[PDB]
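If you read the sequences in order, they're chains A and B.
All the letters of the first sequence, read from the start, carry residue numbers 432 to 480 under full-length UniProt numbering.
All the letters of the second sequence, read from the start, carry residue numbers 481 to 529 under full-length UniProt numbering.
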Amino acid sequence: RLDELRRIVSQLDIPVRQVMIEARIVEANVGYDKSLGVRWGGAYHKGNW
Amino acid sequence: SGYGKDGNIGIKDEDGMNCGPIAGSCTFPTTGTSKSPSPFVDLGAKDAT
Numbered sequence: 432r433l434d435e436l437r438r439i440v441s442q443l444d445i446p447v448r449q450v451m452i453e454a455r456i457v458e459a460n461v462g463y464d465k466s467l468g469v470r471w472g473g474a475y476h477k478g479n480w
Numbered sequence: 481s482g483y484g485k486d487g488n489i490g491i492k493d494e495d496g497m498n499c500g501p502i503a504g505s506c507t508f509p510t511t512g513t514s515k516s517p518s519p520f521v522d523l524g525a526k527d528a529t
C-alpha cells in the first residue's frame, strides 16, 4: 500500500499549469457630421427664410 | 390667423400702432392710414420663420 500510494503521490505532486492570457480590445469610431443652415433674409421687402 | 405657423397680422398691427402709425377708420366704408412704420419691422421679425 505504501508503494502504491507513493506512486500516486509522485503523479499528484505535479505543478499546476499557469497560463498568461492576453486579451486585446480594439475600438474604432469614425464620425462625420455636416450641417447646413441657409438663410435668405431681406427686411426691405419683408422676404426672410 | 394661420395655424401651421400661426400668424395674424392684426394683433401685430396693434404692435405696429405701438410703433406709432396714424390709423383712422370711422365706418366700414371709410378708413385711411398714414405714417406706418410697422410693416418692415413687424413683418421682418414676424416672418423670419
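Think of the CB as a built atom: it goes at the ideal place given N, C-alpha and C, for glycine as much as any other residue.
Do you know offhand how far residue i's Cα is from residue j's?
| i | j | result |
| --- | --- | --- |
| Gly500 (chain B) | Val469 (chain A) | 34 Å |
| residue 432 (chain B) | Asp495 (chain B) | Given a span of 481 to 529 for chain B in the structure shown, any question on residue 432 (chain B) remains unanswerable. |
| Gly524 (chain B) | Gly478 (chain A) | 7 Å |
| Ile439 (chain A) | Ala454 (chain A) | 37 Å |
| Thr529 (chain B) | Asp493 (chain B) | 18 Å |
| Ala459 (chain A) | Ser518 (chain B) | 57 Å |
Spell out the partners DSSP gives residue i in its beta bridges.
| i | result |
| --- | --- |
| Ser514 (chain B) | B:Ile502 |
| residue 526 (chain A) | For chain A, the structure presents residues 432 to 480; residue 526 (chain A) sits outside this window and is missing. |
Closer than 6 Å by C-beta to residue i: which residues in its own chain qualify, once you throw out the five before and the five after it? Chain order, please.
| i | result |
| --- | --- |
| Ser516 (chain B) | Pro501 |
Practice item. Pick out the complete alpha helix (DSSP H) segments inside the region 433-467 of chain A, 4 residues or longer, and give them in chain order. Key: 433-443
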